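Student: Please read through the structure below; I'll follow up with questions.
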Amino acid sequence: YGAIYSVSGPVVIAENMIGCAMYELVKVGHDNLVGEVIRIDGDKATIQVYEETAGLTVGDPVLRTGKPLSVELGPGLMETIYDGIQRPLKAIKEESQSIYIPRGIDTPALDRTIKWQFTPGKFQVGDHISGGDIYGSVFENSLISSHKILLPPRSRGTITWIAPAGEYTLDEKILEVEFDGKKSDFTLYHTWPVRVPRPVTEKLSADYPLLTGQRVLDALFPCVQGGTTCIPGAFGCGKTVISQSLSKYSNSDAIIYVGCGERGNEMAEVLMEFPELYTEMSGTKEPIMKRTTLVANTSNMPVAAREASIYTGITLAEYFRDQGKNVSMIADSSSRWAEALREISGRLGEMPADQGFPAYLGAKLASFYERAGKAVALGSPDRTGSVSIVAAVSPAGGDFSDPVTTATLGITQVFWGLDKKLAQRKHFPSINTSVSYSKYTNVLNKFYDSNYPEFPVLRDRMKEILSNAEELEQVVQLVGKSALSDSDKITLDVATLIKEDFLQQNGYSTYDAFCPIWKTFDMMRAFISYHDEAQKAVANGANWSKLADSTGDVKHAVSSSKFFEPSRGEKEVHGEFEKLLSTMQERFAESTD
Amino acid sequence: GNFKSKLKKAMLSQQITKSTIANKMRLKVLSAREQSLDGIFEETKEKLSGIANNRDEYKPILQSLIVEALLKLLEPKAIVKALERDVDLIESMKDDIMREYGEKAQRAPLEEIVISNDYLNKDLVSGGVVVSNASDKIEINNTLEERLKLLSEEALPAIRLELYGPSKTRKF
Amino acid sequence: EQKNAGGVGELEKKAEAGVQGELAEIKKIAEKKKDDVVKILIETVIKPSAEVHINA
Amino acid sequence: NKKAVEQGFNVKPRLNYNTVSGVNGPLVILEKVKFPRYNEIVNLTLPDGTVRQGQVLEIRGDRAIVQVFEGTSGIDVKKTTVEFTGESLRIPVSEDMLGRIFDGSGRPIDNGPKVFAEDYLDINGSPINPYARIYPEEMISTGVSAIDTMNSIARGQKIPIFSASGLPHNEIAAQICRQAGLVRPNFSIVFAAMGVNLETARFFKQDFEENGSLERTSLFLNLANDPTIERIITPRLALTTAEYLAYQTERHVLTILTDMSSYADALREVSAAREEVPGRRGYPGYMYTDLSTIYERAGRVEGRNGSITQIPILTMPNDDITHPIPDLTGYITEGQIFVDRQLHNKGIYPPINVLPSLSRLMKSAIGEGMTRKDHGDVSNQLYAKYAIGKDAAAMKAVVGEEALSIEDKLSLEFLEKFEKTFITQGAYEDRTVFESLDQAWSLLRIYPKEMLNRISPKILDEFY
Amino acid sequence: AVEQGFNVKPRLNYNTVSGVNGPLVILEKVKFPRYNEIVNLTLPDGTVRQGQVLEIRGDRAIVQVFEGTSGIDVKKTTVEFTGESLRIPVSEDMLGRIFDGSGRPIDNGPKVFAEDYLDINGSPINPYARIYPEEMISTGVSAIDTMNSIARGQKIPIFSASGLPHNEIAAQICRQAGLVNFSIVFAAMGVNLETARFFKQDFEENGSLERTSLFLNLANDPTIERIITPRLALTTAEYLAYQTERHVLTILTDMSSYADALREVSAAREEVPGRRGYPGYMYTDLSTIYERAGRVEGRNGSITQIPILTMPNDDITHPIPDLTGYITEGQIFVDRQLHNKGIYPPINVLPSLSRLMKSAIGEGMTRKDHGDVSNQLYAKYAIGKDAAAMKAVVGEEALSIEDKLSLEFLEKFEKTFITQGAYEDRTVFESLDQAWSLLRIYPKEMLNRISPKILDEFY
Ligand SMILES: Nc1ncnc2c1ncn2[C@@H]1O[C@H](COP(=O)(O)OP(=O)(O)O)[C@@H](O)[C@H]1O
């Protein structure tokens, strides 16, 4: 045990500490505040503390734990909210009987008292069991049922005693591996260093789309299950709402929401809203909250804990991928992680990179975003999980030229750049279609050919319409609409209709909270057909000025197609869209006759 | 066009599997050289293990191995870690080792040489010593096993030129 | 694609057959030069040099 | 019963250090300190007798870097006695604060007695447990239509007022402070004037008395002439008093933190003294967390009927949203009420520009029984038509009114009768949310039902 | 004949680690520390991480650790001073393999059976011994082979912003980089696994994996061995090209990530920083990397260097692209605006330049009209951009007849000449014919930059 020697915000240079390793976990202070070592200079080892350092006194003992920052994985992870360090907020509140996070609470990461229905896997006594093999499944909840208990990735050997089926607490031994004569006892939970990525057999190309349920996203800039995503944009653009509408209705099996430097009321909103929504997956109306775990490190909670929250979230997502679940980790305000790194570097005195950030920010972000990606799990049986990272980079001042935004665009394959100007007009989700891109469009051809064959053709056609009308509107804003031709006027009107009735998706509304892939494809077909048939009609000789008044009914029916509630069923909404297309064709035929 | 594209994809698949079939066989040749080379070092390790058995022939080698590492340390006092089977030899060789270090390094003779009781693992080390500084913070893994490991690391081109002729491609 | 898949095993067997000569040549070279290389390595490992650092 | 107070019914001696080993800027570096405590309020005793407080900032072994709130002007090495209180800064809080006027540091300046403390609370506060937080769904009938119907204010909302140098942020913030009331059932108020000029201080201290709020408002007035660093602890003191009131005596507090740009400037002028990482525009890198520590002390908590609303008035320099203060305030807070220089020049009061204004607690507290069912759709439709009108006004200023289409002309008419008959409002004229929605519908009835592309068909049928 | 030494040099193990911070490990009492030495830090867990001595004092040695300093204990880490700079074991059998960032293999193959231990830093080539490369390679890309032509031995990077298809362009160049049998060495530098797998897949599909050696340093790999990866790849390339008389096409992707690694290492040394925080000597470091191209007087071999580069914010003024332009011979500029407009390859030939086109252009090398056609295309494209700006600012009607022709040429040039599908391999002659079909839009009077003796013969 060393002693504190200097405290300056969230850095505690602790003297008499010969023997501490880099990124080792220490218990700084009498309250046993959790801290990690980041720099060593002889005896004095500079510690960043994941807790309020106020009140620390020189000479306060600091204990070297002997193990890097480790997150406990196993049953009980789901349907709980955690702090930056792996601490349950519910357990902390009930232990402290207060509404504040006390300094130095050491509640167990996973509820030990709750007993789980363990049912042993295919492995029998004597069979060689390698890292990551599944030796049993616990019934976590009605939705994440069969929470398959993996062996620790570094563990290997032959089974000596596997527990029979029954009810077990986490502290209860479940399996004992004999390896080279040294028996090791394994339980339902295993710790894991957050910095070290969980091993996988082999990563795979992510060929299945993460259906966000939002028309603009999954119709113009798709994200695949296992693809890094970035959502830059100023305050109020809608990064948090896109993240929440993704974690509420995506096709991901399990979700690890990470509020790294977010607002407290946002996490409270998630806590009260997720139990009130039900996912149609698993053949029942099970609540969303049974599949989401939350890592809430709000903005005012300790600066250093933001990095711990990000790494804990990604490690939970990696564990649930190794189980075989299509996880979708969501790092809310990933720029707050960069700001935490900048603050800690400023405390350390390290030389800055561009704009105050440390020189290693790009490397840390790259190593974090490389954790994502579909990959075959480590051991038998064959499992194909996936982690999709959707992190909301928050630029300083709204300009995408921020170092965190550039270092995130260099690594992420998707870029859902938000526009503050579109955000102000309540044009939501305010996706800036000019700069946003998705590098997974080529990969998703193998899925769009199997389902919805015309989807890519419609996507490029609508991107063409939007780009052409954006350029035309840019010209018109300085040269007037006098010189526009009839075809150009149709392009302008059609793209305005697209922006105001298809791209815009009013979340927190009954009809357009979740526009799934089939309704999105049908609406997309309706809009594209309207544009194509209007252009054909004007080419046939019909004047656009008269055609607008003649087909206002068709235009309003198209714009009102977004009001078709998806809950009516795929067959019903598809039928309504077929009827709308027939009515549109008949109306244009009558007008052009 | 989709059928033509699929045929092109299948054709490129044939090239992909044709290379990986040849690459796997090509790496079978490379693994054969390393495995046989490992046999050379496997045979060498056993032969050096027999050197320590012949205490008469191994006697002055040990005095050289201690001195060859003492001259690198240049510390006035040193700690010599040796096997359980060589402490007796070193207890008699120390007097000459002190003078030999004094002469070769052209400095004052060693102040004190101490055979530490932390004997080397007899199963992994066949001979030699691990000479350390006075405080045991700076040391030299001058054992026969480590010596052969260093030779294996730093001599591979010479073993290649011995086992095989120089590569016909390598000119200039 | 099925026709190409069927030929993979035949291609693998043909590749394995051609390599087997190289493995035989490697084994012969190893057996021929094993004594010489072992002698050189042993003579190098034993009989150490003893020279202080050139800058000392 | 209350045995917690008895545990602190003890005496603890304090060490007086005449060991000042130097001083540079606002930082006093001590030496020979006996086990320095990081962030411990320290009472310096100047040679002239003046007593200046200060809190430790860095405790390199047997040395403490004490920053003094009132400035180091006059600190001598061989005469100042630096006395360690051994505990972080604490304000003596009680239910008797309500109705008193405090200085920047909490020392009363109303010629009244010292606060008969019910408890001492660390001014830094503690992060409220996000599991204990409650999402504020109780909307406040603010009275100003531009806020009640668009960018709505919930109870635990922390919605700042963004305004330029000369805009009437104080007048609007006083109107919100005097008319705020729950729509479907008063607010205790806590004030924190940071760097305001005496005119603004007297305006608030007189408006509260005029409306009778002063019987339940505690003012923390840190004017321009007050020490610059005291503005760092003034908002923490105000929010600690408000946290006590709300979360312990179960009151509804409406915290107002005037001139938050002055607090940000105090942060910059302190960080630049410590040569810290310069973030952007010179503000320290950690200013996000420094402002978050302030703003996040708001919102309702589980099991307690209290609630802290925040309206931190902000003075944007050069009326730029991209400036670090308004940018980070927008990221941290849950809305903003953008007071517009262009609107103020046009003569509209309140000069609220709804387009940059936002409220993240308006997706809740709208619809069903909280307000009329048309609120959520009508606000969005008003935003859409206001933006269309602004774009068409720009197009008109460029090319001429002849090229404006029928929709553009309708947008111009809507924008005119919107800015001049819906945003505009008397200073003492409060409009219920239902009346504001009725006026909004009267504006919307300019368009035919077809052009209202945002209102749901059911809402159109029932209300248009 | 060949000469080699069976020599065993015992290595000093130092447990005297003083302190560790960032990527640097500071030792305390090394005996005669050697600069640019390679050390093996034995962690308390037993794992061994290589290092490299960056600076020495009387007894100190500021070791940078390639595999990161996580888990290094000041009381149980033992540093083993090897006694020589970083030497890669090369062989003619190294072709067709895959290696990690630090030179260790990734594929299931064994350790490379050494043929020579080459110092990775290399040795300076005598400028008197360098042959000026005047043998153009027909890269197949129209915008490169026609207007920014590459000569065999030229170090020409691909300046592409974040998210642009520079990987696709470089894979295309590798696939169809014949002359008007290239061995390839690849140095992945923090590229994501998607990009690395795409490069590996392309090299396998085009049959190149039989004659290519990849040095993959993924984004998951440690961020300091990005300083050894270019040197390892380039010393392999130098070995093959010079001492095997082979032709090598080196692809050093993400030199921006290499410079980020240099910044991370330099900022931990508290060195005086250059622009944007990059080290002052970063010009010299990037020069030591890039300047290892070119043919040699004796050995029939060439390292045609194509270091892909990620200019942040799509800016040339940024230090990495600026110094890469200073060192390398021109650049291939990939344009975000063109990519958004949908062109592939999105090469913007206005910032693009090839310093050896002036010699490998034509007049008996490729075609008589090559140089004049390229100059005419570049001039008319600049005129087209100017005309587009003028039309956007002051209306299209105000544009002159020449400006309108320039706009039509710009459209038909971006949409039909630069625009080419991947796996399309138009020869330089086909590229010149398409260029002429573009230039015939203009009348013969408005083609002033074309020499009349070629205009009258090709119009
Ligand atoms: N898709 C959407 N549908 C409806 N409202 C939205 C949508 N996206 C954002 N919002 C609005 O934006 C506000 C929240 O924005 P948020 O995502 O928190 O931005 P930021 O993360 O920059 O603060 C909410 O008040 C909500 O009404």
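Naming scheme: A, B, ... for chains in displayed order of the structure tokens; residues 1 onward per chain; ligands 1 onward as shown.
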Excluding residue C:27 and residues on its chain fewer than 3 positions from it, collect all residues at most 10 Å away from it, counting only C-alpha atoms, and give them as number ranges by chain.
Tutor: B: 32-33, 35-36; C: 21-24, 30-32
Student: Keeping only C-alpha atoms, write the selected residues to a file as a tab-separated table (two decimals), in the first residue's frame.
Tutor:
```
chain	number	residue	atom	x	y	z
B	32	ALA	CA	9.14	-28.49	-43.37
B	33	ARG	CA	12.30	-26.39	-43.31
B	35	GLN	CA	10.60	-28.35	-38.46
B	36	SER	CA	13.82	-29.91	-39.74
C	21	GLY	CA	9.10	-34.44	-53.35
C	22	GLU	CA	10.15	-31.17	-51.72
C	23	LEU	CA	9.60	-32.66	-48.27
C	24	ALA	CA	11.80	-35.61	-49.23
C	30	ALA	CA	18.72	-32.19	-43.13
C	31	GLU	CA	20.03	-35.74	-42.72
C	32	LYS	CA	23.11	-34.97	-44.80
```
Student: Please identify the residues whose atoms come within 9 Å of ligand 1, using only C-alpha atoms and all ligand atoms, and report them as a count of residues only.
Tutor: 50
Student: For the structure I just gave you, how does DSSP split stretch 68-125 of chain E - specifically, which residues are strand (DSSP E or B)? Reply as a list in words.
Tutor: residues 73, 78, 79, 80, 81, 87, 88, 89, 90, 98, 99, 105, 116, 117, 118 and 119 of chain E
Student: I need the residues in stretch 158-350 of chain D that are alpha helix (DSSP H) according to DSSP; give them as an NGL selection string.
Tutor: :D and (169-179 or 198-211 or 230-249 or 260-274 or 287-295 or 324-332 or 341-346)
Student: The selected residues should be written to file as a CSV table (one decimal), in the first residue's frame (atoms: C-alpha atoms).
Tutor:
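Contents of out.csv, freshly written:
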```
chain,number,residue,atom,x,y,z
D,169,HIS,CA,-33.2,38.6,-21.1
D,170,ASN,CA,-33.7,40.0,-17.6
D,171,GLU,CA,-37.2,41.2,-18.5
D,172,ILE,CA,-38.2,37.9,-20.0
D,173,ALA,CA,-36.6,35.9,-17.2
D,174,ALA,CA,-38.5,38.0,-14.7
D,175,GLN,CA,-41.7,37.4,-16.6
D,176,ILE,CA,-41.1,33.7,-16.6
D,177,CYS,CA,-40.2,33.9,-12.9
D,178,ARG,CA,-43.4,35.8,-12.0
D,179,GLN,CA,-45.9,33.9,-14.1
D,198,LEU,CA,-26.0,47.3,-10.4
D,199,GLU,CA,-28.9,48.2,-12.7
D,200,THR,CA,-29.7,44.6,-13.3
D,201,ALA,CA,-29.2,43.7,-9.7
D,202,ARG,CA,-31.6,46.4,-8.6
D,203,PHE,CA,-34.1,45.4,-11.4
D,204,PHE,CA,-34.3,41.8,-10.1
D,205,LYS,CA,-34.2,42.7,-6.4
D,206,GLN,CA,-37.1,45.2,-7.1
D,207,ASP,CA,-39.1,43.0,-9.4
D,208,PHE,CA,-39.1,40.3,-6.8
D,209,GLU,CA,-40.4,42.7,-4.1
D,210,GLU,CA,-43.0,44.1,-6.6
D,211,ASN,CA,-44.4,40.7,-7.4
D,230,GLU,CA,-16.1,34.5,-6.2
D,231,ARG,CA,-18.3,34.0,-9.3
D,232,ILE,CA,-17.1,30.4,-9.5
D,233,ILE,CA,-18.6,29.6,-6.1
D,234,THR,CA,-21.7,31.9,-6.4
D,235,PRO,CA,-23.7,29.5,-8.6
D,236,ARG,CA,-22.6,26.5,-6.6
D,237,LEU,CA,-23.8,28.3,-3.4
D,238,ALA,CA,-27.1,29.1,-5.1
D,239,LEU,CA,-27.6,25.6,-6.3
D,240,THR,CA,-26.7,24.1,-3.0
D,241,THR,CA,-29.3,26.3,-1.3
D,242,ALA,CA,-31.8,25.3,-3.9
D,243,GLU,CA,-30.9,21.6,-3.6
D,244,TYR,CA,-31.4,21.8,0.2
D,245,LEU,CA,-34.7,23.6,-0.2
D,246,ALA,CA,-36.1,21.3,-3.0
D,247,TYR,CA,-34.7,17.9,-2.1
D,248,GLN,CA,-35.0,18.2,1.6
D,249,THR,CA,-37.9,20.6,2.5
D,260,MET,CA,-23.7,32.7,-17.0
D,261,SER,CA,-21.2,34.1,-19.5
D,262,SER,CA,-19.7,36.0,-16.6
D,263,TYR,CA,-19.2,32.6,-14.8
D,264,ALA,CA,-17.6,31.2,-17.9
D,265,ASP,CA,-15.3,34.2,-18.1
D,266,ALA,CA,-14.4,33.6,-14.5
D,267,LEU,CA,-13.6,30.0,-15.4
D,268,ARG,CA,-11.4,31.2,-18.2
D,269,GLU,CA,-9.6,33.9,-16.1
D,270,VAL,CA,-8.9,31.2,-13.5
D,271,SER,CA,-7.8,28.5,-15.9
D,272,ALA,CA,-5.5,30.9,-17.7
D,273,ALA,CA,-3.9,31.6,-14.4
D,274,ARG,CA,-3.1,27.9,-14.0
D,287,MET,CA,-15.4,23.8,-18.9
D,288,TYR,CA,-17.9,21.3,-20.2
D,289,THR,CA,-17.7,19.5,-16.8
D,290,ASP,CA,-17.5,22.8,-14.9
D,291,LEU,CA,-20.8,23.9,-16.5
D,292,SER,CA,-22.3,20.4,-16.1
D,293,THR,CA,-21.6,20.4,-12.4
D,294,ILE,CA,-23.8,23.6,-12.3
D,295,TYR,CA,-26.5,22.7,-14.7
D,324,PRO,CA,-18.1,27.9,-26.4
D,325,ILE,CA,-20.4,29.2,-23.7
D,326,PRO,CA,-23.7,28.8,-25.6
D,327,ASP,CA,-22.4,25.7,-27.4
D,328,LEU,CA,-21.5,23.8,-24.2
D,329,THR,CA,-24.6,25.2,-22.5
D,330,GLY,CA,-26.7,23.8,-25.2
D,331,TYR,CA,-25.0,20.4,-25.0
D,332,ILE,CA,-25.4,20.2,-21.2
D,341,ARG,CA,-31.2,40.6,-31.6
D,342,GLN,CA,-33.0,40.9,-35.0
D,343,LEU,CA,-36.4,40.5,-33.3
D,344,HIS,CA,-35.5,43.0,-30.6
D,345,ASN,CA,-34.5,45.5,-33.3
D,346,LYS,CA,-37.7,44.8,-35.1
```
Student: Have a look at D:376, D:113, D:285, D:312 and name the one nearest to chain A; count only C-alpha atoms.
Tutor: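 Residue with the minimum atom-to-atom distance to chain A: D:285.
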Student: Distance table requested - chain A against chain D, cut-off 6 Å, only C-alpha atoms: one row per qualifying residue with the closest atom pair and its distance in Å to one decimal, ordered by chain and rising residue number, as a tab-separated table.
Tutor:
```
residue	atom	partner	partner_atom	distance
A:5	CA	D:61	CA	4.9
A:6	CA	D:60	CA	4.0
A:7	CA	D:59	CA	5.5
A:8	CA	D:58	CA	4.8
A:54	CA	D:39	CA	5.6
A:55	CA	D:38	CA	5.3
A:56	CA	D:38	CA	5.4
A:57	CA	D:37	CA	4.2
A:58	CA	D:35	CA	5.2
A:89	CA	D:131	CA	5.9
A:99	CA	D:129	CA	5.4
A:100	CA	D:128	CA	4.7
A:101	CA	D:129	CA	5.6
A:235	CA	D:331	CA	5.1
A:264	CA	D:130	CA	5.4
A:265	CA	D:135	CA	5.6
A:268	CA	D:135	CA	5.6
A:269	CA	D:135	CA	5.6
A:299	CA	D:292	CA	5.9
A:300	CA	D:293	CA	4.9
A:301	CA	D:127	CA	5.8
A:343	CA	D:286	CA	5.7
A:346	CA	D:277	CA	5.2
A:356	CA	D:279	CA	5.7
A:397	CA	D:322	CA	4.4
A:424	CA	D:355	CA	5.2
A:425	CA	D:384	CA	5.6
A:480	CA	D:399	CA	6.0
```
Student: Could you list, as a list in words, the residues of chain E having an atom within 7 Å of chain A when counting only C-alpha atoms?
Tutor: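 Matching residues, ligands excluded from the count: residues 18, 19, 20, 21, 69, 70, 71, 72, 73, 74, 75, 76, 162, 163, 192, 219, 220, 223, 263, 264, 267, 268, 270, 276, 277, 312, 313, 392 and 395 of chain E.
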Student: Those same residues, written as a PDB file, in the first residue's frame with C-alpha atoms?
Tutor:
```pdb
ATOM      1  CA  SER E  18      13.106   3.917 -13.715  1.00  0.00           C
ATOM      2  CA  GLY E  19       9.719   5.035 -15.010  1.00  0.00           C
ATOM      3  CA  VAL E  20       7.200   4.427 -17.757  1.00  0.00           C
ATOM      4  CA  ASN E  21       4.783   6.860 -19.390  1.00  0.00           C
ATOM      5  CA  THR E  69       3.345  -0.046 -22.201  1.00  0.00           C
ATOM      6  CA  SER E  70       0.130  -1.413 -20.686  1.00  0.00           C
ATOM      7  CA  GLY E  71       0.931  -3.684 -17.759  1.00  0.00           C
ATOM      8  CA  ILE E  72       4.579  -2.635 -17.410  1.00  0.00           C
ATOM      9  CA  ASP E  73       5.639  -2.840 -13.758  1.00  0.00           C
ATOM     10  CA  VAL E  74       8.504  -0.676 -12.528  1.00  0.00           C
ATOM     11  CA  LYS E  75       9.553  -3.418 -10.083  1.00  0.00           C
ATOM     12  CA  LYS E  76       9.220  -6.610 -12.151  1.00  0.00           C
ATOM     13  CA  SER E 162     -11.470  10.034 -44.901  1.00  0.00           C
ATOM     14  CA  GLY E 163     -14.117   7.766 -46.395  1.00  0.00           C
ATOM     15  CA  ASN E 192      -9.529  -1.147 -40.157  1.00  0.00           C
ATOM     16  CA  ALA E 219      -6.347  -0.466 -35.931  1.00  0.00           C
ATOM     17  CA  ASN E 220      -6.542  -3.026 -33.117  1.00  0.00           C
ATOM     18  CA  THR E 223      -0.166   2.267 -32.138  1.00  0.00           C
ATOM     19  CA  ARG E 263       2.995  12.481 -32.965  1.00  0.00           C
ATOM     20  CA  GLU E 264       2.073  10.131 -30.117  1.00  0.00           C
ATOM     21  CA  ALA E 267       4.466  14.297 -27.710  1.00  0.00           C
ATOM     22  CA  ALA E 268       5.479  11.857 -24.966  1.00  0.00           C
ATOM     23  CA  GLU E 270       7.960  16.634 -24.846  1.00  0.00           C
ATOM     24  CA  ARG E 276      -0.408  20.798 -35.626  1.00  0.00           C
ATOM     25  CA  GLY E 277       1.718  19.240 -32.882  1.00  0.00           C
ATOM     26  CA  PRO E 312      -7.725  14.989 -42.580  1.00  0.00           C
ATOM     27  CA  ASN E 313     -10.558  17.395 -43.416  1.00  0.00           C
ATOM     28  CA  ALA E 392     -22.691  29.935 -60.377  1.00  0.00           C
ATOM     29  CA  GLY E 395     -25.341  33.452 -64.098  1.00  0.00           C
TER      30      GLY E 395
END
```
Student: Write out as a PyMOL selection string every residue belonging to chain B that has an atom at most 6 Å from any atom of chain E, counting only C-alpha atoms.
Tutor: chain B and resi 12+15-16+27+31+137-140+151+155-158+169-172
Student: What's around residue B:143 at 7 Å? Count only C-alpha atoms, leave out sequence neighbours fewer than 4 positions away in its own chain, and write the answer as a list in words.
Tutor: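 In the requested format, the answer is residues 125, 127, 128, 129, 130 and 147 of chain B.
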Student: Which of these, D:75, D:415, D:46, D:410, has the shortest distance to residue D:23 once you count only C-alpha atoms?
Tutor: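 When distances to residue D:23 are compared using only C-alpha atoms, the smallest one comes from D:75.
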Student: Between chain C and chain E, at 9 Å or less, what are the per-residue closest atom pairs and their distances in Å? Count only C-alpha atoms, order by chain and rising residue number, and return it as CSV.
Tutor:
```
residue,atom,partner,partner_atom,distance
C:40,CA,E:6,CA,8.1
C:41,CA,E:6,CA,7.6
C:44,CA,E:6,CA,6.4
C:45,CA,E:8,CA,6.9
C:48,CA,E:8,CA,8.1
C:49,CA,E:8,CA,8.7
C:53,CA,E:32,CA,8.4
C:55,CA,E:32,CA,7.9
C:56,CA,E:32,CA,8.5
```
Student: Could you list the residues in chain C lying within 6 Å of chain B, using only C-alpha atoms, and format the result as a PDB file with C-alpha atoms, in the first residue's frame?
Tutor:
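Below you can see result_16.pdb, which holds the result:
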```pdb
ATOM      1  CA  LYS C  33      24.131 -31.690 -43.133  1.00  0.00           C
ATOM      2  CA  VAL C  38      25.406 -29.538 -35.090  1.00  0.00           C
ATOM      3  CA  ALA C  50      35.995 -12.802 -23.579  1.00  0.00           C
ATOM      4  CA  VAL C  52      35.376  -6.047 -22.492  1.00  0.00           C
TER       5      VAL C  52
END
```
Student: Skipping near chain neighbours, those fewer than 6 positions away, what residues fall within 10 Å of residue B:135 using only C-alpha atoms, listed as a PyMOL selection string?
Tutor: chain B and resi 77-79
Student: Distance atom CA of residue E:369-atom CA of residue E:400, one decimal place?
Tutor: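 If I compute the distance from atom CA of residue E:369 to atom CA of residue E:400, I get 28.3 Å.
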Student: Quick one: residues within 12 Å of residue E:176, only C-alpha atoms counted, chain neighbours fewer than 4 positions away excluded, as JSON, numbers by chain?
Tutor: {"E": [137, 138, 139, 140, 141, 142, 145, 169, 170, 171, 172, 180, 181, 182, 202, 203, 206, 207, 208, 249, 422, 423, 424, 425, 426, 427, 428]}
